[PDB]
Every structure is written in C-alpha cells, then in structure tokens.
Amino acid sequence: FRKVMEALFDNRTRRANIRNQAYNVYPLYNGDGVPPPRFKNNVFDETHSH
Amino acid sequence: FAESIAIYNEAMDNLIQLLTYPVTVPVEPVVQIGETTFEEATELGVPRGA
Amino acid sequence: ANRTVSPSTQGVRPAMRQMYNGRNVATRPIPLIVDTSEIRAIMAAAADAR
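Scoring rules and cut-offs
- Residues numbered from 1 in each chain as written, not as in the entry; some residues may be left out.
- Chains lettered and ligands numbered in written order.
- Part of a larger assembly, values for the part shown.
- Heavy atoms only, no water.
- Helix = DSSP H or I, 4+ residues; strand = E, 2+ residues; numbered from the N terminus.
- Buried < 20%, exposed > 50% of the residue type's maximum accessible area, 1.4 Å probe, protein only.
- Contact = heavy atoms within 4.5 Å.
- Buried area = accessible area lost by both parts, 1.4 Å probe.
- Salt bridge = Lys/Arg side-chain N within 4 Å of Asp/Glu carboxyl O.
- Nonpolar A, V, L, I, M, F, W, Y, C, P; charged D, E, K, R; others polar.
- Pairing = 2+ DSSP bridges.

This entry lists cryo-EM as its structure determination method and reports a resolution of 2.39 Å.

Given below as structure tokens:
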C-alpha cells in the first residue's frame with residue numbers, strides 16, 4: 001500500500017532497465033518527459049505539472 | 001486487534017482497487033499532421049507532389 | 001343574453017406550459033452549456049489519444 005501511494009504522491013522521475021536498455025518511469029505530469037498534447041488551443045510546454 | 005486491523009485492511013483495499021491496474025504496453029500516439037493541398041489546373045502544366 | 005365579443009372570445013386557448021424554475025426541489029442540475037463545436041473537439045481528441 002505504501003508503494004501504491006508513493007507511486008502517485010512522489011513527483012520525482014525514476015529510472016529502470018529491461019534487456020540492456022534504460023528508461024524513465026513517471027508519476028503524473030511533473031515537468032519531465034513528453035509534454036501533454038494540444039487540446040482546443042490549450043497548448044502545453046515541457047514544464048507542465050499536475 | 002482483528003477489529004481495527006480489518007478497518008485498516010478494508011480502507012486500503014478500496015483505494016488499491018481504484019488507484020491501480022495490471023500493466024500493458026500501448027504504443028503511445030504522437031499527434032503530428034502532414035497534409036496535401038490540391039492545385040488549380042492549367043491546360044499545359046503539371047501539379048506538385050505529396 | 002350578453003352579446004359582447006372580443007379578439008379573445010373569438011380567439012384560441014394560448015397553448016401555454018410551465019417551464020423549469022428551480023423552486024421547490026432539493027437540488028438544481030448544474031447548467032452545463034456544450035455547443036456542438038466543443039463536442040467535435042472532445043470526440044476528435046479522444047479518438048486521436050486512444
């Protein structure tokens with residue numbers, strides 16, 4: 001239960017590996033990773049956060 | 001302590017079943033748009049590509 | 001007898017009705033206006049993001 005809640009509340013980006021390849025593991029929007037797509041002329045830059 | 005432990009256990013089950021799901025790996029789509037335009041025809045020339 | 005006439009005695013019943021007024025009920029639905037252009041933008045964006 002702590003790790004379920006911590007996955008949502010801890011706003012930092014994590015790192016993980018599969019098959020000799022590395023990637024970011026993300027919480028909700030936090031200013032890291034692919035920005036949110038455009039919607040009805042709302043447009044989001046990379047620093048967008050929830 | 002089975003009384004208070006059952007209260008704690010239920011509250012966490014309710015949260016977990018609303019906050020969590022078994023993973024899957026969708027291909028996440030990028031909305032970028034390429035387009036073609038028609039052109040007005042002439043009796044000797046030819047139109048542009050796509 | 002009374003021979004009196006008017007555009008009303010010669011007329012038609014007004015075909016009137018009561019329209020919703022929000023009185024004498026416990027709650028009132030939120031007045032959520034949604035024009036079709038906004039429905040198109042939602043449905044297009046949902047189908048793009050899927």
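Caption draft 1: Structural detail: unusual backbone geometry. All names here are of chain A. For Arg19, which is not a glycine, the phi torsion comes out positive at approximately 40°. Structurally, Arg19 is set in the loop between β1 (14–18) and β2 (21–25). For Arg19, a relative accessible area of 82% puts it in the exposed group. Its identity as a non-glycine residue notwithstanding, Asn20 has a phi of 60°, on the positive side. If you trace the backbone, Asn20 turns up in the loop between β1 and β2. Under the relative-accessibility criterion, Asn20 is labelled exposed at 84%.

Caption draft 2: Here's a closer look at the interface of chain A and chain B. The interface is formed by four residues belonging to chain A together with five residues belonging to chain B. The junction of chain A with chain B conceals about 410 Å² of combined surface from both sides, 99% of it contributed by carbon and sulfur atoms. In this structure, the connection of chain A to chain B is made through zero salt bridges. For the side of chain A that touches chain B, a count of residues per class yields four nonpolar, no polar and no charged.

Caption draft 3: Fine view of the pairing of β2(A). Pairing between β1(A) and β2(A): five bridges, direction antiparallel. The partner of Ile18(A) across the bridge, within β2(A), is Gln21(A).

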